[PDB]
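In case it helps, the deposited numbering puts the sequence shown at residues 1 to 193, 219 to 241.
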Amino acid sequence: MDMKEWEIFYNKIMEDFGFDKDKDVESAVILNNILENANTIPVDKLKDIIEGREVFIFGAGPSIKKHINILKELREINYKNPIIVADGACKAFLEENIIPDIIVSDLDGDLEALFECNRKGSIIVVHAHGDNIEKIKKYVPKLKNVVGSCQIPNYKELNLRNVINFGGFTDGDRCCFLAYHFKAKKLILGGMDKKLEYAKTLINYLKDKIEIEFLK
């Protein structure tokens, strides 16, 4: 029921897995520096897209392609809600001719799917962590409609004004923490399967403050 208790959790994760907290902050400084003169998105356009609505958050589960056709059919009831996809799942929507409204990505995958969705109108939420430094340095200048994310809790005292961090460890949960923060009503998750044990923990935490109904 706090976010500087997330600063505590950040510490438990980094020491748990053994992540260089210093490569973490470094990628956030590189990211904010790049986004000062980049094809960004007024972060308040994501409030229009999310606030009050009933967003869909898609990961990369064993149920990805048979949850997406559910999305297909629900869409032709004049029922179309903002969609958020976790990293590489966008190739699933590119393969079903669905274009995600927002993609939270740390660039870790093959970027062929992500890039084609970007030019088609996606909002790409780039998230900075330790190992994606050179990727952020190369691929963020090649994108449009980009929003910067980072793992470090202490991002506002470091003068990172082109970055926001709304909580979350896996790129999947950041979507919901983004969905929570932008005042979404309920989240309908799809394609949900070590790191996963923390995802369920944070998802459980979101179950209390926001309505969260996994689809099946």
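Where is the CB? At the ideal position from N, CA and C, for every residue including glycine.
(request) Report the three-state DSSP secondary structure of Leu111 (helix, strand or coil). (result) In the structure shown, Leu111 sits in coil (DSSP, three-state: anything other than H, G, I, E or B).
(request) Could you round the C-beta distance between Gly172 and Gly59 to whole angstroms and report it? I think they count as a contact, below 8 Å. (result) Contact holds; Cβ gap of about 5 Å.
(message) Does the CB of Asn118 have a neighbour CB from chain C at under 7 Å?
(response) No chain C appears in this structure, which consists of one protein chain only.
(request) Please confirm whether any heavy atom of the ligand ADP lies closer than 6 Å to the CB of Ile152. (result) The ligand ADP is not part of this structure, which contains no ligands at all.
(request) Take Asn159 as the anchor and find which of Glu36, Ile99 and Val146 has the nearest alpha-carbon. (result) Answer by Cα proximity: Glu36.
(request) Just mark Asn78 as buried or exposed, buried being the case when its beta carbon has 16 or more other beta carbons within 10 Å. (result) By the 10 Å Cβ count, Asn78 comes out exposed.
(request) Check each candidate in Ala28, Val85, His129 and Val29 and name the one with the smallest Cα separation from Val55. (result) When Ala28, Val85, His129 and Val29 are compared, the shortest CA-CA separation from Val55 is found for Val85.
(request) Select from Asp16, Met1 and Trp6 the residue whose C-alpha is nearest the C-alpha of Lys220. (result) Of the candidates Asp16, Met1 and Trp6, the one whose C-alpha sits nearest the C-alpha of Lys220 is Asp16.
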